[PDB]
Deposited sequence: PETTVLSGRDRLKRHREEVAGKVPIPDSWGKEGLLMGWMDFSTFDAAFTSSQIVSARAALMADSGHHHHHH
């Protein structure tokens, strides 16, 4: 049995220089579409405040 650090070392040495990055990613079709109002909702303000109160 070998450690994580040494398992990563071995794999790095096996695959380095020898693995092509695929020509297609799979999300190309989403690129042009790519919001951040996730952090400013009224709901999140209420939840932040609720979380502080319960601590």
item: Deposited sequence positions missing from the model - stretches, numbered from 1, in order; value: 1-4, 39-43, 65-71
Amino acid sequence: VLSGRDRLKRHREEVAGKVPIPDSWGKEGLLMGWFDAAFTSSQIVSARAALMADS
From here on, numbers count along this sequence of modelled residues.
| item | value |
| --- | --- |
| Stretch with the greater mean C-alpha B-factor as recorded in the entry, comparing 4-12 against 46-54 | 46-54 |
| Entry-reported Cα temperature factor of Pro20, expressed as the chain third it lands in | highest |
